[PDB]
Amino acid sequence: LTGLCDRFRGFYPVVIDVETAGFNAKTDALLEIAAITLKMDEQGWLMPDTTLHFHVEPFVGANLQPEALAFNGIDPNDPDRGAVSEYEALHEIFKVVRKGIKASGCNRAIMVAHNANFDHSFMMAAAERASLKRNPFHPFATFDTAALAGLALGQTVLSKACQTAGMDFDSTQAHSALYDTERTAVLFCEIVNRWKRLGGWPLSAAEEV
């Protein structure tokens, strides 16, 4: 009942955010990525588990839109950014994720993200460029927190959804993949946990007052 593997039909939810050099996942550089796995305690409450974060070197041949760099404030040419390759970052994320899937008894990872298709498309595109094998993420399914917040909170904008959920949100950190990932993780957890607390889950709960 209270196992993570039982909650989402065997899907292992992993929160992801990316910063990029444009809107096109095929052609534009991936610049930052963070990942936060989740776990469930003995009573079935969801919380963050492992957190990873990387500055990513633009792939060879990548386009970099000036408007994108102006938006997120990232300078990919700054040698002090401590960047790593797409391979290094994703290989590390996938290793932690496979470990969590195994240890929890899940069978596949699913990406949790805000307007998820965007992050999913960039992560998948980078995975293919790096030639990583046995990608543990579902190839098309996601848990979009904008839609989820729409239901739970009546809000679709990340900052606003967080504020409505009673969370802090610091706009000076809003262009950091890591920061956005942590806020998104806490938001997703607040949504799932309040669903449970109000007797929405497990399905049996409503008849046991």
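Quick note: we count residues from 1 along the sequence shown, nothing fancier. Each form is matched to the other, and the largest set of C-alpha atoms that superpose within 1.5 Å is called the rigid core.
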Do you reckon 61-69 or 140-148 strays further from the shown form in 6 other deposited structures of this protein, measuring C-alpha RMS after a core fit? 61-69
Greater root mean square CA deviation, 153-161 compared with 166-174 in 6 other deposited structures of this protein, core aligned: 166-174
Averaging the C-alpha B factors as listed in the entry, name the stretch that ends up higher: 197-205 or 21-29. 197-205
Between the two ranges 71-79 and 112-120, the one averaging a larger CA B factor in the entry: 71-79
Choose from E42, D49, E182, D144 the residue with the greatest Cα B-factor as stated in the PDB record. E42
Lowest, middle or highest third: which one holds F140 when the chain's residues are ordered by CA B-factor from the entry? middle
Can you tell me whether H53 has a C-alpha B-factor in the lowest, middle or highest third compared with the other modelled residues of the same chain? lowest
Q155 by Cα B-factor - lowest, middle or highest third of the modelled chain: lowest
Of the three thirds of its chain by CA temperature factor, lowest, middle or highest, which one includes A35? lowest
Select lowest, middle or highest to describe the third in which the CA B-factor of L132 falls within its chain in this entry. middle
